[PDB]
Structures are given as C-alpha cells and as structure tokens.
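K.L.:
The structure under discussion is supplied below as structure tokens; questions concerning it will follow.
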Amino acid sequence: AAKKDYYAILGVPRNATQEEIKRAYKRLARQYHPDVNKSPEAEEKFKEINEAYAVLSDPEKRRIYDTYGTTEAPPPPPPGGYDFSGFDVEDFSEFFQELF
C-alpha cells in the first residue's frame with residue numbers, strides 16, 4: 001500500500017538519469033545475480049532491485065511512479081495496460097501491483 005522507495009533500493013537520487021539508474025542496477029546485479037551469488041539473502045535483495053529497476057528504467061513507468069502520492073490528478077491507465085517484458089512481475093510487491 002505505502003509508496004516504496006525504488007531510488008533508495010538502487011542508491012540513486014530521485015533526479016537520477018536513466019543512464020545512472022542503469023549503471024546503479026548493473027553494479028548491484030553484478031553482486032546479487034543468481035549464478036554469481038547463490039545465497040538466499042542475494043535472492044531476496046535482487047528481487048527488490050529488479051522491481052525497482054522494472055519501474056525506474058522505463059521513463060514512462062517512472063513518471064507514473066513519481067506522480068504517485070502527489071496532489072496532481074493521476075492519468076487514467078493506458079489502453080492494453082503496461083508492459084514489463086523481461087521482469088518477474090507476478091511475484092512483485094503489492095505496492096507494484098496496485099500502482100500498475
């Protein structure tokens with residue numbers, strides 16, 4: 001329900017560029033990816049990192065996230081829904097499911 005802080009998960013400011021987001025994700029993926037790190041702690045952290053990246057790496061989805069909780073009126077969801085190809089979305093947080 002409460003707004004997750006995807007910027008804190010990746011270690012970047014709210015005003016980060018998409019390039020900065022990409023490089024922060026890559027730094028973390030090099031550490032927590034399944035076949036480099038087989039620990040359960042790595043699995044759970046990487047889940048969080050992937051959801052954060054799923055949202056923040058697509059500028060259009062990032063905008064929806066950034067506007068969440070503000071006093072600005074929200075945009076009606078677009079035709080067909082959203083597209084999170086290359087992400088394990090069915091297992092993402094209830095905040096994510098609610099937001100998108």
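Labels for the structure tokens follow display order: chains A, B, ..., residues from 1 in each chain, ligands from 1.
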Just the residues within 12 Å of stretch 81-90 of chain A, please, counting only C-alpha atoms, with nothing from its chain fewer than 3 positions along; format it as an MDAnalysis selection string.

P.N.:
chainID A and resid 46:58 60:62 64 76:78 93:97 99:100

K.L.:
Filtering to C-alpha atoms, could you give me those residues as a PDB file, in the first residue's frame?

P.N.:
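Saved result, again-v3.pdb, follows:
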ATOM      1  CA  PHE A  46      17.854  -8.981  -6.106  1.00  0.00           C
ATOM      2  CA  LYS A  47      14.049  -9.361  -6.189  1.00  0.00           C
ATOM      3  CA  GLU A  48      13.765  -5.880  -4.666  1.00  0.00           C
ATOM      4  CA  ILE A  49      16.404  -4.499  -7.009  1.00  0.00           C
ATOM      5  CA  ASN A  50      14.675  -5.951 -10.079  1.00  0.00           C
ATOM      6  CA  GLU A  51      11.281  -4.495  -9.146  1.00  0.00           C
ATOM      7  CA  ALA A  52      12.942  -1.128  -8.560  1.00  0.00           C
ATOM      8  CA  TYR A  53      14.643  -1.364 -11.957  1.00  0.00           C
ATOM      9  CA  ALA A  54      11.459  -2.524 -13.703  1.00  0.00           C
ATOM     10  CA  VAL A  55       9.778   0.677 -12.546  1.00  0.00           C
ATOM     11  CA  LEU A  56      12.639   3.168 -12.834  1.00  0.00           C
ATOM     12  CA  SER A  57      14.314   2.010 -16.064  1.00  0.00           C
ATOM     13  CA  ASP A  58      11.289   2.797 -18.256  1.00  0.00           C
ATOM     14  CA  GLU A  60       7.088   6.347 -18.841  1.00  0.00           C
ATOM     15  CA  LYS A  61       6.529   3.964 -15.932  1.00  0.00           C
ATOM     16  CA  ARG A  62       8.890   6.065 -13.788  1.00  0.00           C
ATOM     17  CA  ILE A  64       3.630   7.163 -13.065  1.00  0.00           C
ATOM     18  CA  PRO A  76      -6.168   7.027 -16.424  1.00  0.00           C
ATOM     19  CA  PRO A  77      -4.345   3.766 -17.231  1.00  0.00           C
ATOM     20  CA  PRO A  78      -3.400   3.435 -20.927  1.00  0.00           C
ATOM     21  CA  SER A  93       5.111  -6.320  -4.224  1.00  0.00           C
ATOM     22  CA  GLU A  94       1.516  -5.312  -3.540  1.00  0.00           C
ATOM     23  CA  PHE A  95       2.575  -1.668  -3.986  1.00  0.00           C
ATOM     24  CA  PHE A  96       3.732  -2.519  -7.531  1.00  0.00           C
ATOM     25  CA  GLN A  97       0.551  -4.449  -8.337  1.00  0.00           C
ATOM     26  CA  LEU A  99       0.489   1.137  -8.896  1.00  0.00           C
ATOM     27  CA  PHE A 100       0.357  -0.693 -12.259  1.00  0.00           C
TER      28      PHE A 100
END

K.L.:
What does the distance between atom CA of residue A:42 and atom CA of residue A:20 come to in Å, to one decimal place?

P.N.:
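Pair atom CA of residue A:42 / atom CA of residue A:20 returns 22.1 Å.
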